[PDB]
Amino acid sequence: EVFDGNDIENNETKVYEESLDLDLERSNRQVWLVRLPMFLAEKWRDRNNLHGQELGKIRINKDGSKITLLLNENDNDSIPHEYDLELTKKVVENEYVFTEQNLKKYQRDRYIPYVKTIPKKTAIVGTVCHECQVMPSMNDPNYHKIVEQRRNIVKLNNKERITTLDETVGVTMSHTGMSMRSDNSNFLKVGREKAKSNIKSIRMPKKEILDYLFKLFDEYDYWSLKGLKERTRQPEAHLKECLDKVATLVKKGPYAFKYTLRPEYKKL
DNA sequence: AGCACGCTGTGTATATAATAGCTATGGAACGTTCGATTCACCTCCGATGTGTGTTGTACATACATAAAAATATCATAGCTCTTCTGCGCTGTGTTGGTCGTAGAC
Numbered sequence: 038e039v040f041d042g043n044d045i046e047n048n049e050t051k052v053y054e055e056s057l058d059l060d061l062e063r064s065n066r067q068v069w070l071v072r073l074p075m076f077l078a079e080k081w082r083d084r085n086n087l088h089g090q091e092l093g094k095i096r097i098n099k100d101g102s103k104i105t106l107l108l109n110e111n112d113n114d115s116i117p118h119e120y121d122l123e124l125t126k127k128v129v130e131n132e133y134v135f136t137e138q139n140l141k142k143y144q198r199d200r201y202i203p204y205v206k207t208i209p210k211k212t213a214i215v216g217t218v219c220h221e222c223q224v225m226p227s228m229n230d231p232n233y234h235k236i237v238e239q240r241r242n243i244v245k246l247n248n249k250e251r252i253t254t255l256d257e258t259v260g261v262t263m264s265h266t267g268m269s270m271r272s273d274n275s276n277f278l279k280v281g282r283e284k285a286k287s288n289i290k291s292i293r294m295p296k297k298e299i300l301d302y303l304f305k306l307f308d309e310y311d312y313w314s315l316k317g318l319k320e321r322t323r324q325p326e327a328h329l330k331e332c333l334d335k336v337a338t339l340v341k342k343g344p345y346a347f348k349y350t351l352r353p354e355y356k357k358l
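If you count by the authors' numbering, then the first sequence holds residues 38 to 144, 198 to 358, one letter each, in order.
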C-alpha cells in the first residue's frame, strides 16, 4: 500500500477505514522469546501444519523454577517429547513484540509535506521478559535420535556428482555443430514473425487518394509516410506523388520529419 | 481407428519476355539524449591601504602651588626710676599698779 507521507489534508480518513494509531492494550501480555533446535523450528513454522491444535504442555517446577516441555504424541514418535526450557535471562529488558496488519484501501521549523511514509497498522503483541532455549532432555530414549540426526547433518552431501555420458561419443556429437538435424524450436524466430507481413496495393486513382489524404489531415494535421501508408494501403511511389502537391514535410519545427498540410490549405 | 500406403502438390533446376510493387541502401538533415567541459559563486589565505594606538609638539590660555621678600608679632635686652628692704634711732604701746566711776543688773 504505497501512499504519500506528511499529508496534512487528512486524506487517510477517507481512504483508510482502520485507525492509524498503534494498539497498546495487548502490551501487558507476557511473551516468552524461545529459541528452538532445527527439528522443532522446522515442524513449528510450516504452513501446512499448525492448525491451532495443542502441541504440548509446559511444566514449571517451583522448587528451582525448572521449566520443561511435555510434547504430545500427535507429531512423531522418533523425536523426543520431553525438553528443558533453559532461561538465559530471568529479566529481559527493552524487548517487545509488535505486529503489522495491512490497511483497508476500500471506502529547524522548516517542514516539507512529503516524506514517503508507508501507513501500516501496528500493535504491540506483548512484553518479553524471558529469553528461552529448548534443549532435548538427556534421559529421553529418543534423545540419541536427535544426536544421530545432528550427526546426519554433517554427514550427508547436498551436491551430486557430474553425470557421465556412457553411450557412443558419435551419438552424442550427432547434434553438435554440423548436423543434418534442422532446428525445430520456435524460440526467437523473429525473422519468421516479421518477414511474413507483406503489403500489396494498386494504383487506385488520384481523386480518391487525395480525398483520403484530406480526411487524414482533417483528423490530424501532422502525419508520416509509414502511418499514412498503413492507413490508406497505397504504394510509396504513388503516395509520394500526391503528398508533395498538397502537403509538405517540416524541416525545422518541433514537429519535424512529419508530413503536414500546406499553409494555403491549412485555413480550409 | 489410426497409422501405412498411395497419390498429389511443392520445391529444387534450366531460359525468357513482360509489368508493377517492395525492399535494401547510400547519403543528407535533423531532433534527442548523454557525457564532458567550463562559468559563477563561495571560501580561504594573502597582499594592502588605512586606521588607529603611541609619542611628541604647538598655541594659547587657565590654574595649582609655592617660594623670595615685605612685614606684623613677638622674645628679649636695656634702662630707669619708682618701690622694696635693711639699718639706725626713738618714741610711744606695753605692763603693772592705783583709784575713781559708770553702766549692767
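Think of the CB as a built atom: it goes at the ideal place given N, C-alpha and C, for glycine as much as any other residue.
Here's the rule: buried if 16 or more other CB atoms are within 10 angstroms of the residue's CB, otherwise exposed. What is residue i?
i: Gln324; result: buried
i: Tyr204; result: exposed
i: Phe277; result: exposed
i: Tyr345; result: exposed
i: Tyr120; result: buried
i: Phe307; result: buried
Between the options, which has its C-alpha nearest residue i's C-alpha?
i: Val68; options: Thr254, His265 and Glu132; result: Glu132
i: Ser314; options: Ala327, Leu358, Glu298 and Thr338; result: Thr338
i: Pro117; options: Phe76, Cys219 and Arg82; result: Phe76
i: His220; options: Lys319, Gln144 and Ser102; result: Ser102
i: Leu329; options: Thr125, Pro295 and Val280; result: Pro295
i: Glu123; options: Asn113, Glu62, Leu140 and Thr105; result: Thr105
i: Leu358; options: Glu79, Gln239, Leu73 and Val336; result: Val336
i: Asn109; options: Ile97, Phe307, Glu91 and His265; result: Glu91
i: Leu107; options: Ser227, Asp41 and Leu87; result: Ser227
i: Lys210; options: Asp58, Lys51 and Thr50; result: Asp58
i: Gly260; options: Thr253, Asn48 and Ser269; result: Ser269
i: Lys305; options: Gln144, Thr50, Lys356 and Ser287; result: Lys356
What are the residues that DSSP puts in a beta bridge with residue i?
i: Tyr133; result: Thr217
i: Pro226; result: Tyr120
i: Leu108; result: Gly93
i: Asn98; result: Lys103
i: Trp313; result: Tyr349
i: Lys126; result: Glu221
So, for residue i: in the same chain, excluding its five sequence neighbours on each side, which residues have a beta-carbon less than 6 Å away from its beta-carbon?
i: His234; result: none
i: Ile236; result: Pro226
i: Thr322; result: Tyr302
i: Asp273; result: none
i: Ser291; result: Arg323, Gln324 and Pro325
i: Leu73; result: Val224
For residue i, which residues in the same chain have their Cβ closer than 8 Å to its Cβ, ignoring the five residues on either side in sequence?
i: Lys348; result: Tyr312, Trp313, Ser314, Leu339 and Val340
i: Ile45; result: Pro203
i: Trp81; result: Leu73, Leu87 and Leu92
Leaving aside the five residues before and after residue i along the sequence, list all residues of the same chain whose C-beta is less than 7 Å from its C-beta, in chain order.
i: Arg63; result: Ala213, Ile214, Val215 and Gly216
i: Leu300; result: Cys332 and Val336
i: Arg352; result: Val336, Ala337 and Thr338
i: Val52; result: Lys142
i: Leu61; result: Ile214
i: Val128; result: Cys219
Return the Cβ separation of residue i and residue j in integer angstroms, given the expectation that the two are a contact with Cβ distance under 8 Å.
i: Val224; j: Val71; result: 6 Å
i: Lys141; j: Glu79; result: Rounded, the Cβ-Cβ distance is 35 Å, inconsistent with contact.
i: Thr207; j: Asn43; result: 7 Å
i: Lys319; j: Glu326; result: 7 Å
i: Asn232; j: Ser115; result: 6 Å
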